[PDB]
$ cat query_3.txt   # compact mmCIF, N, CA and C atoms
# COMPACT_ATOMS: atom_id res chain seq x y z
N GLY A 781 -21.94 -44.44 96.15
CA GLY A 781 -21.78 -45.06 97.48
C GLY A 781 -20.52 -45.90 97.55
N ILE A 782 -19.43 -45.28 97.99
CA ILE A 782 -18.10 -45.90 97.97
C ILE A 782 -17.76 -46.31 96.54
N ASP A 783 -17.32 -45.33 95.77
CA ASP A 783 -17.13 -45.50 94.35
C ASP A 783 -15.66 -45.64 94.00
N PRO A 784 -15.35 -46.46 92.99
CA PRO A 784 -13.98 -46.64 92.51
C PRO A 784 -13.57 -45.55 91.52
N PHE A 785 -14.21 -44.40 91.63
CA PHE A 785 -13.99 -43.31 90.70
C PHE A 785 -12.82 -42.45 91.18
N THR A 786 -11.67 -42.63 90.54
CA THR A 786 -10.45 -41.90 90.89
C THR A 786 -10.04 -42.19 92.34
N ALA A 787 -10.32 -43.40 92.80
CA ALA A 787 -10.05 -43.78 94.18
C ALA A 787 -8.81 -44.65 94.29
N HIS A 788 -8.91 -45.88 93.82
CA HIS A 788 -7.79 -46.81 93.85
C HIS A 788 -7.16 -46.87 92.46
N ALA A 789 -8.00 -46.63 91.46
CA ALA A 789 -7.58 -46.57 90.08
C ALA A 789 -8.42 -45.54 89.34
N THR A 790 -8.19 -45.39 88.05
CA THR A 790 -8.95 -44.44 87.26
C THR A 790 -10.29 -45.04 86.84
N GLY A 791 -11.22 -45.04 87.78
CA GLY A 791 -12.56 -45.54 87.52
C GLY A 791 -12.58 -47.05 87.39
N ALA A 792 -13.75 -47.59 87.08
CA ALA A 792 -13.90 -49.01 86.83
C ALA A 792 -14.88 -49.23 85.69
N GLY A 793 -14.39 -49.11 84.46
CA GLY A 793 -15.24 -49.27 83.31
C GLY A 793 -15.13 -50.66 82.70
N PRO A 794 -16.17 -51.47 82.88
CA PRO A 794 -16.21 -52.85 82.42
C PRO A 794 -16.94 -52.99 81.09
N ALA A 795 -17.00 -54.23 80.60
CA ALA A 795 -17.75 -54.59 79.41
C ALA A 795 -17.25 -53.83 78.18
N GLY A 796 -18.06 -53.82 77.13
CA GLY A 796 -17.70 -53.15 75.91
C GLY A 796 -18.88 -52.43 75.30
N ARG A 797 -19.78 -53.19 74.69
CA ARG A 797 -20.99 -52.63 74.10
C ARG A 797 -22.12 -53.65 74.06
N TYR A 798 -21.81 -54.85 73.60
CA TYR A 798 -22.81 -55.90 73.47
C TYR A 798 -22.62 -56.95 74.56
N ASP A 799 -21.85 -56.60 75.58
CA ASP A 799 -21.32 -57.57 76.53
C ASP A 799 -22.41 -58.23 77.36
N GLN A 800 -23.39 -57.44 77.80
CA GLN A 800 -24.47 -57.98 78.61
C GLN A 800 -25.28 -59.01 77.83
N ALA A 801 -25.55 -58.71 76.57
CA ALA A 801 -26.36 -59.59 75.74
C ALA A 801 -25.55 -60.80 75.27
N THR A 802 -24.29 -60.57 74.90
CA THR A 802 -23.44 -61.65 74.44
C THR A 802 -23.17 -62.63 75.58
N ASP A 803 -22.97 -62.10 76.79
CA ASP A 803 -22.76 -62.93 77.97
C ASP A 803 -23.90 -63.92 78.12
N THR A 804 -25.12 -63.42 77.95
CA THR A 804 -26.30 -64.25 78.00
C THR A 804 -26.22 -65.35 76.93
N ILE A 805 -26.01 -64.96 75.68
CA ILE A 805 -25.96 -65.91 74.58
C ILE A 805 -24.84 -66.94 74.76
N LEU A 806 -23.62 -66.47 75.04
CA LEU A 806 -22.47 -67.36 75.24
C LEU A 806 -22.76 -68.39 76.33
N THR A 807 -23.44 -67.97 77.39
CA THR A 807 -23.75 -68.86 78.50
C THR A 807 -24.89 -69.81 78.16
N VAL A 808 -25.99 -69.27 77.65
CA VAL A 808 -27.17 -70.07 77.34
C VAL A 808 -26.86 -71.14 76.30
N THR A 809 -25.94 -70.83 75.38
CA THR A 809 -25.52 -71.79 74.37
C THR A 809 -25.06 -73.10 75.01
N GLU A 810 -24.23 -72.98 76.03
CA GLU A 810 -23.69 -74.14 76.73
C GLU A 810 -24.82 -74.94 77.37
N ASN A 811 -25.91 -74.25 77.68
CA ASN A 811 -27.03 -74.87 78.36
C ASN A 811 -27.73 -75.88 77.47
N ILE A 812 -27.68 -75.68 76.16
CA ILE A 812 -28.31 -76.63 75.23
C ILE A 812 -27.58 -77.96 75.26
N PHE A 813 -26.26 -77.91 75.39
CA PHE A 813 -25.46 -79.13 75.48
C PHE A 813 -25.64 -79.77 76.85
N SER A 814 -25.94 -78.95 77.84
CA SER A 814 -26.17 -79.42 79.19
C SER A 814 -27.56 -80.06 79.31
N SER A 815 -28.56 -79.42 78.70
CA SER A 815 -29.94 -79.89 78.75
C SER A 815 -30.18 -81.00 77.74
N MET A 816 -29.17 -81.24 76.90
CA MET A 816 -29.26 -82.23 75.83
C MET A 816 -29.81 -83.55 76.34
N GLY A 817 -31.02 -83.86 75.91
CA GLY A 817 -31.71 -85.04 76.39
C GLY A 817 -33.13 -84.71 76.79
N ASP A 818 -33.33 -83.49 77.28
CA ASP A 818 -34.66 -83.00 77.61
C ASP A 818 -35.14 -82.09 76.49
N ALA A 819 -36.13 -82.55 75.74
CA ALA A 819 -36.58 -81.85 74.55
C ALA A 819 -37.15 -80.48 74.89
N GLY A 820 -38.10 -80.46 75.82
CA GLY A 820 -38.70 -79.21 76.25
C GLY A 820 -37.69 -78.18 76.73
N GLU A 821 -36.74 -78.61 77.56
CA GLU A 821 -35.75 -77.69 78.12
C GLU A 821 -34.75 -77.24 77.06
N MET A 822 -34.39 -78.12 76.14
CA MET A 822 -33.44 -77.78 75.08
C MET A 822 -34.00 -76.67 74.19
N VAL A 823 -35.23 -76.85 73.73
CA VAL A 823 -35.88 -75.85 72.89
C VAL A 823 -36.04 -74.54 73.66
N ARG A 824 -36.29 -74.66 74.95
CA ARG A 824 -36.39 -73.51 75.84
C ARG A 824 -35.14 -72.65 75.76
N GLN A 825 -33.98 -73.30 75.83
CA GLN A 825 -32.70 -72.59 75.79
C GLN A 825 -32.51 -71.91 74.43
N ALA A 826 -32.91 -72.60 73.37
CA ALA A 826 -32.82 -72.05 72.02
C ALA A 826 -33.67 -70.79 71.88
N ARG A 827 -34.85 -70.81 72.49
CA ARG A 827 -35.75 -69.66 72.47
C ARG A 827 -35.09 -68.47 73.16
N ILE A 828 -34.32 -68.76 74.21
CA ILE A 828 -33.58 -67.74 74.92
C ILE A 828 -32.50 -67.15 74.03
N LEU A 829 -31.79 -68.02 73.30
CA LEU A 829 -30.76 -67.58 72.36
C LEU A 829 -31.36 -66.67 71.30
N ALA A 830 -32.49 -67.09 70.73
CA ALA A 830 -33.18 -66.29 69.73
C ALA A 830 -33.56 -64.93 70.30
N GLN A 831 -34.15 -64.94 71.49
CA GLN A 831 -34.57 -63.71 72.16
C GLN A 831 -33.38 -62.78 72.38
N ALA A 832 -32.31 -63.33 72.93
CA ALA A 832 -31.10 -62.57 73.22
C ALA A 832 -30.45 -62.06 71.94
N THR A 833 -30.44 -62.89 70.91
CA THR A 833 -29.87 -62.50 69.63
C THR A 833 -30.66 -61.36 69.02
N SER A 834 -31.98 -61.39 69.21
CA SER A 834 -32.86 -60.37 68.66
C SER A 834 -32.49 -58.99 69.20
N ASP A 835 -32.10 -58.96 70.47
CA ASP A 835 -31.66 -57.73 71.12
C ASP A 835 -30.43 -57.18 70.41
N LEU A 836 -29.47 -58.05 70.16
CA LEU A 836 -28.22 -57.66 69.53
C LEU A 836 -28.40 -57.25 68.08
N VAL A 837 -29.15 -58.04 67.32
CA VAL A 837 -29.35 -57.75 65.90
C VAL A 837 -29.83 -56.32 65.69
N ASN A 838 -30.78 -55.89 66.51
CA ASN A 838 -31.33 -54.55 66.41
C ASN A 838 -30.36 -53.52 66.99
N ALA A 839 -29.62 -53.92 68.02
CA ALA A 839 -28.67 -53.03 68.67
C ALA A 839 -27.46 -52.77 67.78
N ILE A 840 -26.87 -53.85 67.27
CA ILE A 840 -25.70 -53.75 66.40
C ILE A 840 -25.95 -52.82 65.22
N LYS A 841 -27.15 -52.91 64.63
CA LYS A 841 -27.50 -52.06 63.50
C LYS A 841 -27.39 -50.58 63.87
N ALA A 842 -28.03 -50.20 64.98
CA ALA A 842 -28.04 -48.82 65.42
C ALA A 842 -26.65 -48.37 65.88
N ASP A 843 -25.91 -49.29 66.48
CA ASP A 843 -24.57 -49.00 66.97
C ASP A 843 -23.61 -48.82 65.81
N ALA A 844 -23.82 -49.61 64.76
CA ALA A 844 -23.02 -49.51 63.54
C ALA A 844 -23.20 -48.15 62.89
N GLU A 845 -24.43 -47.65 62.89
CA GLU A 845 -24.73 -46.35 62.31
C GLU A 845 -24.14 -45.23 63.16
N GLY A 846 -23.79 -45.56 64.40
CA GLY A 846 -23.19 -44.59 65.29
C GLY A 846 -21.69 -44.47 65.06
N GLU A 847 -21.11 -45.48 64.44
CA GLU A 847 -19.68 -45.49 64.15
C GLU A 847 -19.35 -44.50 63.04
N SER A 848 -18.19 -43.88 63.14
CA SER A 848 -17.74 -42.89 62.18
C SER A 848 -16.82 -43.54 61.15
N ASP A 849 -17.13 -44.77 60.78
CA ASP A 849 -16.35 -45.50 59.79
C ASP A 849 -17.26 -46.35 58.93
N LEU A 850 -17.05 -46.29 57.62
CA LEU A 850 -17.87 -47.04 56.69
C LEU A 850 -17.63 -48.54 56.85
N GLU A 851 -16.37 -48.94 56.71
CA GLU A 851 -15.99 -50.35 56.74
C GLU A 851 -16.39 -51.01 58.05
N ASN A 852 -16.12 -50.34 59.16
CA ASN A 852 -16.45 -50.89 60.46
C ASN A 852 -17.96 -51.00 60.63
N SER A 853 -18.69 -50.05 60.06
CA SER A 853 -20.14 -50.06 60.11
C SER A 853 -20.68 -51.23 59.30
N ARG A 854 -20.10 -51.43 58.11
CA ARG A 854 -20.46 -52.54 57.24
C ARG A 854 -20.18 -53.87 57.93
N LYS A 855 -19.06 -53.92 58.64
CA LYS A 855 -18.66 -55.12 59.37
C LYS A 855 -19.66 -55.44 60.46
N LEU A 856 -20.06 -54.42 61.22
CA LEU A 856 -21.04 -54.59 62.28
C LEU A 856 -22.37 -55.09 61.72
N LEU A 857 -22.85 -54.43 60.66
CA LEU A 857 -24.08 -54.84 60.01
C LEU A 857 -23.98 -56.28 59.51
N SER A 858 -22.81 -56.64 59.00
CA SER A 858 -22.56 -57.99 58.53
C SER A 858 -22.54 -58.97 59.71
N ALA A 859 -21.88 -58.57 60.79
CA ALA A 859 -21.79 -59.41 61.99
C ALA A 859 -23.17 -59.73 62.55
N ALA A 860 -24.05 -58.73 62.56
CA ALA A 860 -25.42 -58.92 63.00
C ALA A 860 -26.14 -59.91 62.09
N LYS A 861 -25.92 -59.77 60.79
CA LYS A 861 -26.52 -60.66 59.80
C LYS A 861 -26.01 -62.09 59.98
N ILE A 862 -24.71 -62.22 60.22
CA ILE A 862 -24.10 -63.51 60.49
C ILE A 862 -24.69 -64.11 61.76
N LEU A 863 -24.72 -63.31 62.81
CA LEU A 863 -25.26 -63.73 64.10
C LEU A 863 -26.70 -64.21 63.98
N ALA A 864 -27.56 -63.34 63.47
CA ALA A 864 -28.99 -63.63 63.39
C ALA A 864 -29.26 -64.93 62.66
N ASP A 865 -28.37 -65.28 61.73
CA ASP A 865 -28.53 -66.52 60.98
C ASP A 865 -27.92 -67.70 61.72
N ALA A 866 -26.81 -67.46 62.38
CA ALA A 866 -26.19 -68.48 63.21
C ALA A 866 -27.19 -68.93 64.27
N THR A 867 -27.95 -67.98 64.79
CA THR A 867 -29.00 -68.27 65.75
C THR A 867 -30.14 -69.04 65.09
N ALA A 868 -30.59 -68.56 63.94
CA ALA A 868 -31.69 -69.20 63.23
C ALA A 868 -31.39 -70.67 62.94
N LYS A 869 -30.19 -70.93 62.42
CA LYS A 869 -29.76 -72.29 62.15
C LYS A 869 -29.64 -73.09 63.45
N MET A 870 -29.08 -72.45 64.47
CA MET A 870 -28.90 -73.05 65.78
C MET A 870 -30.24 -73.46 66.37
N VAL A 871 -31.14 -72.49 66.46
CA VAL A 871 -32.46 -72.69 67.04
C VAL A 871 -33.23 -73.81 66.33
N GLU A 872 -33.20 -73.80 65.00
CA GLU A 872 -33.88 -74.83 64.22
C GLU A 872 -33.29 -76.21 64.50
N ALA A 873 -31.97 -76.27 64.67
CA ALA A 873 -31.30 -77.53 64.96
C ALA A 873 -31.62 -78.00 66.37
N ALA A 874 -31.65 -77.05 67.31
CA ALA A 874 -31.98 -77.35 68.70
C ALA A 874 -33.39 -77.93 68.82
N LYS A 875 -34.34 -77.34 68.10
CA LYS A 875 -35.71 -77.85 68.07
C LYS A 875 -35.73 -79.31 67.66
N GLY A 876 -35.05 -79.60 66.56
CA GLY A 876 -35.04 -80.95 66.02
C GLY A 876 -34.28 -81.93 66.90
N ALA A 877 -33.14 -81.50 67.42
CA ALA A 877 -32.31 -82.36 68.25
C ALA A 877 -32.98 -82.65 69.58
N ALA A 878 -33.83 -81.74 70.01
CA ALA A 878 -34.57 -81.90 71.24
C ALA A 878 -35.76 -82.82 71.03
N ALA A 879 -36.67 -82.41 70.15
CA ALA A 879 -37.90 -83.16 69.92
C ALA A 879 -37.60 -84.54 69.34
N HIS A 880 -36.55 -84.63 68.53
CA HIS A 880 -36.02 -85.92 68.11
C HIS A 880 -34.71 -86.18 68.84
N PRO A 881 -34.80 -86.68 70.09
CA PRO A 881 -33.66 -86.73 71.01
C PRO A 881 -32.53 -87.64 70.52
N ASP A 882 -32.87 -88.88 70.17
CA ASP A 882 -31.87 -89.89 69.84
C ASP A 882 -31.28 -89.68 68.44
N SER A 883 -31.97 -88.90 67.62
CA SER A 883 -31.59 -88.71 66.23
C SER A 883 -30.18 -88.14 66.08
N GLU A 884 -29.34 -88.86 65.34
CA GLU A 884 -27.92 -88.53 65.21
C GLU A 884 -27.71 -87.21 64.47
N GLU A 885 -28.28 -87.11 63.28
CA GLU A 885 -28.10 -85.92 62.44
C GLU A 885 -28.60 -84.67 63.14
N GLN A 886 -29.72 -84.79 63.84
CA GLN A 886 -30.28 -83.68 64.60
C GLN A 886 -29.29 -83.20 65.65
N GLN A 887 -28.66 -84.14 66.34
CA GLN A 887 -27.64 -83.81 67.32
C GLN A 887 -26.43 -83.18 66.65
N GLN A 888 -25.97 -83.81 65.57
CA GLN A 888 -24.79 -83.35 64.85
C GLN A 888 -24.96 -81.92 64.33
N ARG A 889 -26.08 -81.65 63.67
CA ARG A 889 -26.32 -80.31 63.14
C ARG A 889 -26.40 -79.29 64.26
N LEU A 890 -26.93 -79.71 65.41
CA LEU A 890 -27.01 -78.84 66.57
C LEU A 890 -25.61 -78.47 67.06
N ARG A 891 -24.75 -79.48 67.16
CA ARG A 891 -23.37 -79.27 67.61
C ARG A 891 -22.69 -78.18 66.79
N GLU A 892 -22.80 -78.30 65.47
CA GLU A 892 -22.15 -77.36 64.57
C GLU A 892 -22.86 -76.01 64.55
N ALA A 893 -24.19 -76.04 64.56
CA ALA A 893 -24.97 -74.81 64.52
C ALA A 893 -24.79 -74.01 65.81
N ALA A 894 -24.79 -74.71 66.94
CA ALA A 894 -24.64 -74.06 68.24
C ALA A 894 -23.25 -73.45 68.38
N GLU A 895 -22.23 -74.18 67.96
CA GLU A 895 -20.87 -73.66 68.01
C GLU A 895 -20.71 -72.51 67.02
N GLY A 896 -21.38 -72.60 65.89
CA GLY A 896 -21.38 -71.51 64.94
C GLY A 896 -22.02 -70.26 65.52
N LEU A 897 -23.14 -70.46 66.21
CA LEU A 897 -23.81 -69.39 66.94
C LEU A 897 -22.89 -68.84 68.03
N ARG A 898 -22.17 -69.75 68.68
CA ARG A 898 -21.24 -69.40 69.74
C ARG A 898 -20.14 -68.52 69.17
N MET A 899 -19.63 -68.93 68.02
CA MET A 899 -18.60 -68.18 67.30
C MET A 899 -19.11 -66.80 66.93
N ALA A 900 -20.26 -66.76 66.25
CA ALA A 900 -20.83 -65.51 65.76
C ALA A 900 -21.07 -64.53 66.90
N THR A 901 -21.66 -65.02 67.98
CA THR A 901 -21.95 -64.19 69.14
C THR A 901 -20.67 -63.70 69.80
N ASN A 902 -19.72 -64.61 69.98
CA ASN A 902 -18.46 -64.29 70.63
C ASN A 902 -17.67 -63.30 69.78
N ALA A 903 -17.84 -63.39 68.46
CA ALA A 903 -17.22 -62.46 67.54
C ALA A 903 -17.88 -61.08 67.64
N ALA A 904 -19.21 -61.06 67.64
CA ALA A 904 -19.95 -59.82 67.82
C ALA A 904 -19.58 -59.16 69.14
N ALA A 905 -19.35 -60.00 70.15
CA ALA A 905 -18.91 -59.55 71.46
C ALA A 905 -17.61 -58.76 71.37
N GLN A 906 -16.70 -59.26 70.56
CA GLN A 906 -15.36 -58.70 70.44
C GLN A 906 -15.37 -57.40 69.64
N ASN A 907 -16.21 -57.35 68.61
CA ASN A 907 -16.24 -56.20 67.70
C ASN A 907 -17.09 -55.06 68.25
N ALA A 908 -17.73 -55.31 69.39
CA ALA A 908 -18.59 -54.32 70.04
C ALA A 908 -17.91 -52.96 70.18
N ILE A 909 -18.59 -51.92 69.71
CA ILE A 909 -18.04 -50.56 69.76
C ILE A 909 -18.01 -50.02 71.18
N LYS A 910 -16.81 -49.88 71.70
CA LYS A 910 -16.62 -49.24 72.98
C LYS A 910 -15.85 -47.95 72.80
N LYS A 911 -16.10 -47.00 73.69
CA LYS A 911 -15.44 -45.70 73.68
C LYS A 911 -15.93 -44.87 72.49
$ encode --input "query_3.txt" --output "structure tokens"
Amino acid sequence: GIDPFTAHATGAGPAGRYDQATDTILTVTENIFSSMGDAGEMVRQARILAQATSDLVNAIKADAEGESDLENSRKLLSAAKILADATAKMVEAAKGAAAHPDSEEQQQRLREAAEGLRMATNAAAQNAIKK
């Protein structure tokens, strides 16, 4: 219905491979820093990150096996492993920083864990197999 297919340009192909899921994670991550102060809502956001990461971890594995390269496949499998742990550390820190709101170390570990998760996810986003 009014398609950009060979119309104004050569189609309109967006995203990459993990873009929909990474977009969620990259965005929701910021929400933990935004919700910072509300324990229930903070942990809520972390649960979303875990959920979203779970999608990627399983996806990246299968997508890696679809690649016709050993090293790149190993990298993808590694990226998923890095991600899934960045999330695990993040989520655990978010729980503590939320339920223990004023606690300094809980906040500090969250800052680093969340940014680490942000890094891992944003990296997985970039390495996503397209084409």
$ closest_residue --input "query_3.txt" --among "A:792, A:905, A:897, A:856" --to "residue A:869" --atoms "all atoms listed in the file"
A:897
$ atom_distance --input "query_3.txt" --atom1 "atom C of residue A:828" --atom2 "atom C of residue A:887"
18.7 Å
$ atom_distance --input "query_3.txt" --atom1 "atom CA of residue A:801" --atom2 "atom CA of residue A:880"
29.1 Å
$ atom_distance --input "query_3.txt" --atom1 "atom N of residue A:838" --atom2 "atom N of residue A:877"
25.7 Å
$ residues_around --input "query_3.txt" --residues "residue A:864" --least-positions-apart "5" --cutoff "6.5 Å" --atoms "all atoms listed in the file" --output "number ranges by chain"
A: 833, 837, 859, 869
$ decode --input "query_3.txt" --residues "stretch 885-907 of chain A" --atoms "N, CA and C atoms" --output "tab-separated table (two decimals), in the first residue's frame"
chain	number	residue	atom	x	y	z
A	885	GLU	N	26.76	1.46	47.56
A	885	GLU	CA	27.37	0.39	46.78
A	885	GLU	C	26.37	-0.23	45.82
A	886	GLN	N	25.13	-0.40	46.28
A	886	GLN	CA	24.07	-0.93	45.44
A	886	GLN	C	23.85	-0.05	44.22
A	887	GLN	N	23.84	1.26	44.44
A	887	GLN	CA	23.71	2.21	43.34
A	887	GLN	C	24.92	2.14	42.42
A	888	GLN	N	26.11	2.15	43.02
A	888	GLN	CA	27.36	2.14	42.27
A	888	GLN	C	27.47	0.91	41.38
A	889	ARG	N	27.23	-0.27	41.94
A	889	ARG	CA	27.31	-1.51	41.17
A	889	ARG	C	26.29	-1.50	40.04
A	890	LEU	N	25.13	-0.90	40.29
A	890	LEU	CA	24.10	-0.79	39.28
A	890	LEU	C	24.58	0.06	38.12
A	891	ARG	N	25.18	1.21	38.44
A	891	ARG	CA	25.69	2.12	37.43
A	891	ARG	C	26.62	1.39	36.46
A	892	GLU	N	27.56	0.65	37.02
A	892	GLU	CA	28.56	-0.05	36.22
A	892	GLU	C	27.95	-1.26	35.51
A	893	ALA	N	27.10	-2.00	36.21
A	893	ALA	CA	26.48	-3.19	35.64
A	893	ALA	C	25.52	-2.82	34.52
A	894	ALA	N	24.75	-1.76	34.72
A	894	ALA	CA	23.78	-1.31	33.72
A	894	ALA	C	24.49	-0.80	32.48
A	895	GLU	N	25.55	-0.03	32.66
A	895	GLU	CA	26.32	0.47	31.53
A	895	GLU	C	27.04	-0.68	30.84
A	896	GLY	N	27.48	-1.67	31.61
A	896	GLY	CA	28.07	-2.86	31.03
A	896	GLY	C	27.07	-3.62	30.18
A	897	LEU	N	25.85	-3.74	30.70
A	897	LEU	CA	24.74	-4.34	29.96
A	897	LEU	C	24.44	-3.50	28.72
A	898	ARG	N	24.52	-2.19	28.87
A	898	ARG	CA	24.27	-1.26	27.78
A	898	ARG	C	25.30	-1.48	26.69
A	899	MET	N	26.55	-1.61	27.11
A	899	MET	CA	27.66	-1.88	26.21
A	899	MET	C	27.46	-3.20	25.48
A	900	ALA	N	27.23	-4.26	26.25
A	900	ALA	CA	27.08	-5.61	25.70
A	900	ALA	C	25.94	-5.67	24.68
A	901	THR	N	24.81	-5.09	25.05
A	901	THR	CA	23.65	-5.08	24.18
A	901	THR	C	23.91	-4.26	22.92
A	902	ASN	N	24.49	-3.08	23.10
A	902	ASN	CA	24.77	-2.18	21.99
A	902	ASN	C	25.81	-2.81	21.06
A	903	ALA	N	26.70	-3.61	21.63
A	903	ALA	CA	27.69	-4.34	20.85
A	903	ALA	C	27.03	-5.46	20.06
A	904	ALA	N	26.17	-6.23	20.72
A	904	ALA	CA	25.41	-7.28	20.06
A	904	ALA	C	24.57	-6.70	18.93
A	905	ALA	N	24.05	-5.50	19.17
A	905	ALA	CA	23.29	-4.75	18.18
A	905	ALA	C	24.09	-4.54	16.91
A	906	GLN	N	25.36	-4.19	17.09
A	906	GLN	CA	26.23	-3.83	15.99
A	906	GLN	C	26.68	-5.06	15.20
A	907	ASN	N	26.92	-6.16	15.92
A	907	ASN	CA	27.45	-7.37	15.30
A	907	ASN	C	26.35	-8.21	14.65
